[PDB]
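Worksheet: the structure to be examined is printed underneath.
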Amino acid sequence: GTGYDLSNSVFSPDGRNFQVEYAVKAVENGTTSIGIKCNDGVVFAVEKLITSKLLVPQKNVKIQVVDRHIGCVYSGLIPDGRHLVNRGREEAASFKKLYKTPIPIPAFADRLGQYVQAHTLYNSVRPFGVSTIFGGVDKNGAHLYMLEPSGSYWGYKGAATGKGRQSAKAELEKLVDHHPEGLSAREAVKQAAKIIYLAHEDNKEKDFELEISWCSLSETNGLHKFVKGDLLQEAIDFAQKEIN
Amino acid sequence: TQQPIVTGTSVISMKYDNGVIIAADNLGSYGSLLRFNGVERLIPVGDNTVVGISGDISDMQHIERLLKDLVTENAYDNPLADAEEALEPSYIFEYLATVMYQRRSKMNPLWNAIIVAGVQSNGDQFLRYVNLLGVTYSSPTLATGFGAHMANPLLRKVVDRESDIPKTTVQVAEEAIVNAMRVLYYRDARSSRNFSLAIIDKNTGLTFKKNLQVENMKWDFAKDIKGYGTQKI
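So the protein sequences, as listed, match chains A and B.
All letters in the first sequence, in the order written, are residues 5 to 248 by the UniProt record's numbering.
All letters in the second sequence, in the order written, are residues 34 to 266 by the UniProt record's numbering.
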């Protein structure tokens, strides 16, 4: 029959979970955001649409940090995004408290992964309306990760999600090809600003605000930090220049 | 209801014209056995607050984690974590104070005496004490345990009343503290020769001195002392 899309834990006859699929819709509809894994860290950037001149500039920050070494950015239902990060924070804290060592990016990934997958198991809950790009540096290098409402996630060299997800994925792939030896944290910040500016064409209607953050072993001592001031403008420029 | 096991002794501190000074030896006693010698009992929270802890070490370690966590937590969704919305000593104290009184009220105290020393954002010096009962108080000088008896009378001679603080320099203050540390070495059977000293100056910031030692001790007269009354040789 039909109606296999009214409850969250139901399998359609072809083996799907429409509710989860409908969630992905809420995501694709959201702003665009990316992650670039450089050779000793990860860079995060996001598209911040300026709905009006009323929004205090530089104020409604999107990228979130978990603990001190992990960075999170997501596209879709922001509130769901935060909800997830809160859980990640508790999740990371619980971990450190028992094992002392700050939670390894991979372990954290599956920590968020199992939680999210958990919301595709019961009809009493709604799946997450967000895709999340997150990562950081740990005992063995840097890691970039993307998590889907389905709970699925994998390690990426580059990742993008949202409205301009394709333009991005397009650009990210170009990078991967023209840099087999790796990209530097400094360079990834620039390239990210560009890739965000390009992906902004599928929303060229409203003006936006760029927001980059990175976690580099050599640049930030393995700590997640927001790219501000000079280095920021410098990237905004490197992008503004190549958009013409 | 517990009973301390591995412990730390006196924690002394006073305040001068520009900031505050705080020190504590690096010992971890276990009864009369001076068991551990590399114990740092001065925890810096940020760079405008140093927390001195005496009492049960295991609980001290626990409070350390709480403090570091409080730092991580503050950074969350806080673009001004290292500015207007960074941790103030007063916040760190209130938190600790809160925790301390809650534990005693639950009949499971954190067997410690603590002194939070630092400089508020508006330049003000901050120095307050709190112990396993939750009792709190401030004075131009503060010391825990043995320092409450020997260190205070010395430091109080430098800053007896409020109006004395602006008249005290870091040199004077640091000296007073260094000396007290020595006196404590002479009469506290649970003290160590090595200690750490921290200075939080509203101008120079936090200077954390480690591996200091009590020097210039007077012992020579000991030779002239024989017997315990009538013995002549």
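The beta carbon of each residue, even a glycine, is placed where N, CA and C say it ideally should be.
Assign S65(B) to one of two classes, buried (16 or more other C-beta atoms within 10 Å of its C-beta) or exposed (fewer than that). Along the second sequence, one-based indexing puts residue 65(B) at 32. Looking at its Cβ environment, which holds fewer than 16 other Cβ atoms inside 10 Å, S65(B) is exposed.
For a cutoff of 7 Å on Cβ pairs, would you count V28(A) as touching chain B? Here residue 28(A) refers to the residue found at position 24 of the first sequence. No, because no Cβ of chain B sits closer than 7 Å to the Cβ of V28(A).
Where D110(B) meets chain A, residues with beta-carbon distance less than 7 Å: Against the second sequence, residue 110(B) aligns to sequence position 77. Under the 7 Å cutoff, chain A gives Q68.
Completely contained alpha helix (DSSP H) runs for the segment 152–227 of chain A, where each covers 4 or more residues: 169–181 and 189–203
Selection from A255(B), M183(B) and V168(B) that minimises the alpha carbon distance to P142(B): Taking the first residue of the second sequence as 1, we reach residue 142(B) at position 109. The shortest C-alpha separation from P142(B) is found at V168(B).
Given a limit of 9 Å on CB to CB distance, which residues of the segment 89–121 of chain B reach chain A? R98, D102, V104, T105, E106, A108, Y109, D110 and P112
Return no unless some Cβ of chain B is closer than 7 Å to the Cβ of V60(A). Here residue 60(A) refers to the residue found at position 56 of the first sequence. No, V60(A) lies away from the interface with chain B (no Cβ there is under 7 Å from its Cβ).
In the DSSP assignment, what residue or residues form a beta bridge with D89(B)? Locating residue 89(B) in the second sequence gives position 56, where the first residue counts as 1. DSSP output for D89(B) lists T40(B) as bridge partner(s).
Could you name the residues of chain B that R93(A) contacts, counting a contact when the two beta carbons are closer than 8 Å? Position 89 of the first sequence, counted from the first residue, corresponds to residue 93(A). Within 8 Å Cβ-Cβ: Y109.
Start-end ranges of the beta strand (DSSP E) lying completely within the segment 57–109 of chain A, minimum 3 residues: 68–70 and 74–80
Please confirm if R72(A) has its CB atom under 7 Å from at least one CB of chain B. One-based indexing of the first sequence puts residue 72(A) at position 68. It does; some Cβ of chain B falls within 7 Å.
Which residues mark the beginning and the end of the beta strand (DSSP E) in which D58(B) is found? If you number the second sequence from 1, residue 58(B) lands on position 25. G52 to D58 is the extent of the beta strand (DSSP E) around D58(B).
Given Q118(A) as reference, the closest of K143(A), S154(A) and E246(A) once Cα atoms are compared: Taking the first residue of the first sequence as position 1, residue 118(A) is located at position 114. It is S154(A) whose Cα lies nearest to the Cα of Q118(A).
Mark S87(B) as exposed unless 16 or more other C-beta atoms lie within 10 angstroms of its C-beta, in which case mark it buried. Counting from one through the second sequence, the residue named residue 87(B) turns up at place 54. It counts as buried.
With 16 other Cβ atoms within 10 Å as the buried cut-off, status of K208(A): Taking the first residue of the first sequence as position 1, residue 208(A) is located at position 204. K208(A) comes out exposed.
Using a Cβ distance threshold of 8 Å, determine whether the segment 39–47 of chain A contacts the segment 81–96 of chain A, with at least three qualifying pairs required. no
For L230(B), which beta-bridge partners are listed by DSSP? Residue 230(B) sits at position 197 when you count from the first residue of the second sequence. According to DSSP, which records beta bridges pairwise, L230(B) is partnered with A56(B) and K242(B).
What is the C-beta distance between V231(A) and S217(A), in whole angstroms, given that I count them as a contact (C-beta under 8 Å)? By one-based count along the first sequence, residue 231(A) stands at place 227. By one-based count along the first sequence, residue 217(A) stands at place 213. Correct: roughly 6 Å between the Cβ atoms.
Does the Cβ-Cβ distance between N51(B) and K242(B) come in under 7 Å? The residue you call residue 51(B) lines up with position 18 of the second sequence. The residue you call residue 242(B) lines up with position 209 of the second sequence. Their beta carbons are not under 7 Å apart, which means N51(B) does not touch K242(B) by this criterion.
Members of the segment 141–169 of chain A near chain B, C-beta cut-off 7 Å: none
Just grab the DSSP bridge partners of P77(B) for me. Within the second sequence, the letter at position 44 stands for residue 77(B). Paired residue(s): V83(B).
Three-state secondary structure (DSSP) of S11(A): In the first sequence, the residue the question calls residue 11(A) occupies position 7. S11(A) falls in the coil class under three-state DSSP.
Leaving out five residues before and five after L103(B) in sequence, what residues of the same chain have Cβ atoms less than 8 Å from its Cβ? Translated into positions along the second sequence, residue 103(B) becomes position 70. So the list reads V78, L120, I125 and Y128, once near-sequence residues are dropped.
Hey, out of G41(B), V53(B) and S46(B), whose CA is closest to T237(B)'s CA? Walking along the second sequence from the start, residue 237(B) turns up at place 204. With distances taken between Cα atoms, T237(B) lies closest to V53(B).
Distance between beta carbons of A196(A) and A97(A), contact taken as under 8 Å: Sequence index remark: in the first sequence, residue 97(A) carries index 93 (1-based). Sequence index remark: in the first sequence, residue 196(A) carries index 192 (1-based). Incorrect: roughly 29 Å between the Cβ atoms, too far for contact.
Suppose contacts are defined by Cβ-Cβ distances below 7 Å. Is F228(B) in contact with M250(B) by that definition? As a working note, residue 228(B) is residue 195 in the second sequence. As a working note, residue 250(B) is residue 217 in the second sequence. Result no, Cβ atoms of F228(B) and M250(B) do not sit closer than 7 Å.
Helix, strand or coil at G117(A) according to DSSP, with G and I counted as helix: Translated into positions along the first sequence, residue 117(A) becomes position 113. Residue state, collapsed to three classes: helix.
Cutting at 8 Å between CB atoms, please list the residues of its own chain near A108(B), excluding the five before and the five after it. Here the question's residue 108(B) lines up with position 75 in the second sequence. Around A108(B): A114.
Can you name the residues that DSSP bridges to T136(A)? For the purposes of this step, residue 136(A) is taken as the residue at position 132 of the first sequence. Partner(s): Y78(A) and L151(A).
What residue range does the alpha helix (DSSP H) around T131(B) cover? Here the question's residue 131(B) lines up with position 98 in the second sequence. Unbroken alpha helix (DSSP H) run through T131(B): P122 to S138.
Is the CB of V65(A) under 7 Å away from at least one CB in chain B? Locating residue 65(A) in the first sequence gives position 61, counting from the first residue. Closer than 7 Å: yes.
For the pair the segment 174–185 of chain A and the segment 13–20 of chain A, tell me if three or more CB-CB distances fall below 8 Å. no
Please name the residue or residues paired with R161(B) in a DSSP beta bridge. For the purposes of this step, residue 161(B) is taken as residue 128 along the second sequence, with counting starting at 1. Paired residues: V149(B).
Report, in whole angstroms, the separation of the C-beta atoms of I233(B) and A181(B), which I expect to be a contact under 8 Å. Along the second sequence, read from residue 1 onward, the residue named residue 233(B) stands at position 200. Along the second sequence, read from residue 1 onward, the residue named residue 181(B) stands at position 148. That pair is no contact at about 21 Å.
Put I240(A) into one of helix, strand or coil per three-state DSSP. Indexing the first sequence from 1 puts residue 240(A) at position 236. Residue state, collapsed to three classes: helix.
Could you have a look at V168(B) and say whether DSSP puts it in helix, strand or coil? Taking the second sequence and counting its residues from 1, one reaches residue 168(B) at position 135. Here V168(B) sits in coil by DSSP.
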